[PDB]
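Only one chain is included here, represented as C-alpha cells and corresponding to the form deposited in one PDB entry.
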C-alpha cells in the first residue's frame, strides 16, 4: 500500500495513525512525502518515498519509483497526482469535508468523482449535508493515536491557539491577555512565532504562553478552546468534548466556524469583531451554557463511535476484492 499526500501537516497527520494501524496489521506502507514529513511517517512505520516540489504539478517523481509497483493507492483528496494511477484499486482520503453530487467546496476534468471508498476524518453528524452521502463514504472521525505533565488547579482551564492562521496578528494575543488577566480562568496560550512571549510587558500569573503545546493533551483538561477553525483542531476539540470559540481566517475555516455555530458546539467570532470585550463575551456565553456543553458531549460520542484509524484500516482491507 502506497499513500500519496501533499506536504502539509493538516493532511498528513490524520494519515499517521492509519499507517500505524496498517503496519501493525502486516502491510507494507510506502508514503510519498517531503523530507519535512519523513521522520513522522517513518516513526509510524511508513516508508518515506521522498519527493521534491515547488512548495496542478507532475507525478514523474512518483512514476520513477514505479519498479516496486504498489498494490493499493490511497490518495489525499487534494493530491490528485495519486488519482491519475495503472488499473490499481484507489481510495480517497477526505481530510476536510467530503464532497458529492449535492455538496462541493467553493465560493465562486472528471477526477473529482467520489471513489468507491472515501474515508472522511470527521463523524458523519459533522459533515455538511450528511444526508446526501451514501455507502461510498466512511466517516471515521479524527484519526488519532492510542504524555506530558500538566496538573492544573480546580479552576476552569482555557486553551488558546490559532495555529498557522493569523501569523501577522500579535494584537490578538495581547487582547487575550487583557481579556482574561484578572479572571478565574487558567489560560494556556500558544503563540507560534507570531509574537515572542518574553517581549510582553506583564505576563499574568494565570497565563502560560508557549510557542507550541501538546494540543491533544491540553484539551483533555480544558474547559474551552479558542481556535482558528482548522479541521484537525476542531475534531480534536470534539474528541475531547471541549466547547469552542472559533475565529477563522481561510475559507474552509469559515465553513467550519459556521458549522460549529449551527451545530451548537460553540460560537463563531469573526476576526473583525474580535476585541477584548467580545473575547470576554464569547467565553462567558459559551462556558456558562450547559445545553451547549451537552451538545458538545453528544458530538464527542459521535466522534468515538466513528471508529477512528482502526475502522478506516479495517475498511481499507475489506475493500480489497477487485
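Numbering follows the first chain given and starts at 1. What we label the rigid core is the largest C-alpha set whose atoms superpose within 1.5 Å from one form to the other.
Where residue 85 is followed by residue 86 in the displayed chain, the model omits 1 to 3 of the deposited residues that sit between the two. Per the record, residue 153 and residue 154 are directly connected, with no deposited-sequence residue omitted between them. If you average the C-alpha B-factors over 245-253 and over 201-209, the higher value belongs to 201-209. The mean C-alpha temperature factor is higher for 17-25 when 17-25 and 302-310 are set side by side. Looking at 60, 275, 287, 258, the one whose CA carries the top B-factor in the deposited record is 60. If you compare the C-alpha temperature factors of 47, 262, 291, 281 in the entry, 47 comes out highest.
When the modelled residues of the chain are ordered by C-alpha B-factor, residue 114 sits in the highest third.
When the modelled residues of the chain are ordered by their C-alpha B factor, residue 161 lands in the lowest third. Among the modelled residues of its chain, residue 89 has a C-alpha B-factor that falls in the highest third according to the deposited record. Sorting the modelled residues of the chain by their CA temperature factor places residue 223 in the lowest third.
In the PDB entry, a CA B factor belonging to the highest third of its chain's modelled residues is recorded for residue 72.
In what follows, reference is made to the form deposited in another entry, a form of this protein that is not presented.
Large C-alpha shift between the shown form and the other one, rigid core held fixed: of 166, 185, 75, 126, this applies to 166 alone, with a displacement of 2 Å or more. After superposition on the rigid core, the Cα of residue 101 moves by less than 2 Å between the shown form and the other one. Relative to the superposed core, residue 140 undergoes a C-alpha shift smaller than 2 Å between the shown form and the other one. The rigid-core alignment places the CA of residue 195 2 Å or more apart between the shown form and the other one.
In that other deposited form, the CA atoms of residue 10 and residue 165 sit closer together than in the displayed form, by at least 3 angstroms. Inter-residue distance, residue 166 to residue 33 (Cα): reduced by at least 3 Å in that other deposited form versus the depicted form.
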